[PDB]
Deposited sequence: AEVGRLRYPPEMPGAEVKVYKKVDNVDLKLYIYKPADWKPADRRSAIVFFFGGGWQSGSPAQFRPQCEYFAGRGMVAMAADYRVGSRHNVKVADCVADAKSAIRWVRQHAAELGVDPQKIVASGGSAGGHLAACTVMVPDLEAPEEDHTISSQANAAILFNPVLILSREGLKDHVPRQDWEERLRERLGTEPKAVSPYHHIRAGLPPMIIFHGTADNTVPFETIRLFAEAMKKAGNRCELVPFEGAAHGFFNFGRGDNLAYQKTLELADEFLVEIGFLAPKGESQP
């Protein structure tokens, strides 16, 4: 509900604004937070957050607090806008293209951003967590007007109650439901279903999910994580006992889950060599 009251477009005080994509006569922006000691020539890790809201609504403001945290730790942290149903009459596949365009843009512009182009983390909540996962493991579905010699693939992901299974193929593949998914998603459902793209050799990830989630059942995420681990990938699943969809957000449950998810995300980033340990 609180997340639902966020402003669009957001103020994002202290952020630098860059347009990463011009599409359908809208300028899609990144809201960029740099560390206090940032200099051109830096080669910092970066994180790009994609807001939640069912691919229908939401605001980059959702992840402003996390951006401020990670910029405090020395990352170039940013929150991306992307097209949504209520504002732009797009479908899920369009959202995925925008998320991929954002990672591509950060990589293309890594030098001027003071960023290491092989340390770009994709992150998000719910629908935005789906997008982040798509940037790590789903093939590009379109080639927009952008540098396709530059990869859209993120180097790691941090997912907050993501949607990871968008097709029922290979679960316990009924036709009419997959056809309804096709019309909603703008493509074959498997083409935007991270679970259907599990293979060896993928970037590392951490996932935070409530065990009492009625929106995205925890069991879908357990299945995902088990299969990823079977494929040899680093896929850390942190259950939040009794928590529901949206539990991790700044401003709810006394900020306890907010703080805990940041702590664990920080250690994950140290583990994979994207952040220096807090001990310096």
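Please give the gaps, as residue ranges numbered from 1 in the deposited sequence, where no C-alpha is present.
Gaps in the modelled chain, taken against the deposited sequence, lie at 173 to 175, 284 to 286.
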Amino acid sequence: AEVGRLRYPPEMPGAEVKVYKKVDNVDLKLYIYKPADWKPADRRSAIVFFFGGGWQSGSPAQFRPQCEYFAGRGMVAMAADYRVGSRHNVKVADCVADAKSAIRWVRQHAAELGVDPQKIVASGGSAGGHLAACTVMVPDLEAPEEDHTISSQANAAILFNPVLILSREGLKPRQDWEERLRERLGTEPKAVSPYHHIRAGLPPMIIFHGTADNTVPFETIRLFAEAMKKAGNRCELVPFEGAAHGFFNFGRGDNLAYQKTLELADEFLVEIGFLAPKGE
From here on, numbers count along this sequence of modelled residues.
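Taking only the other compared entries that model residues on either side of residue 172, decide whether it is unmodelled in at least a third of them.
Looking at the other entries that model residues on either side of it, residue 172 is missing from at least a third.
State which stretch shows the higher mean Cα B factor in the entry: 37 to 45 or 57 to 65.
So the stretch with the higher mean C-alpha B-factor is 37 to 45.
Which of the two stretches, 178 to 186 or 149 to 157, shows the higher mean Cα temperature factor in the record?
The deposited B-factors put 178 to 186 ahead on the C-alpha mean.
Just grab whichever of 133, 171, 77, 127 has the top CA B-factor as deposited.
Highest CA B-factor of the listed options: 171.
In terms of recorded Cα temperature factor, pick the maximum from 114, 117, 204, 144.
Across 114, 117, 204, 144, the entry lists the biggest C-alpha B-factor for 144.
For residue 256, return the chain-relative third of its C-alpha B-factor as stated in the PDB record: lowest, middle or highest.
Within its chain, residue 256 is a highest-third residue by C-alpha B-factor, going by the deposited values.
How does the C-alpha B factor of residue 70 compare with the rest of the chain: lowest, middle or highest third?
Bottom third by C-alpha B-factor.
How does residue 246 rank on Cα B-factor within its chain, lowest, middle or highest third?
Middle third.
What third of its chain's C-alpha B-factors does residue 270 belong to: lowest, middle or highest?
Ranked within chain, residue 270 CA B lands in the highest tercile.
Considering only modelled residues of the same chain, in which third does the CA B-factor of residue 264 rank: lowest, middle or highest?
Its C-alpha B-factor, which the entry lists for residue 264, ranks in the lowest third among residues of this chain.
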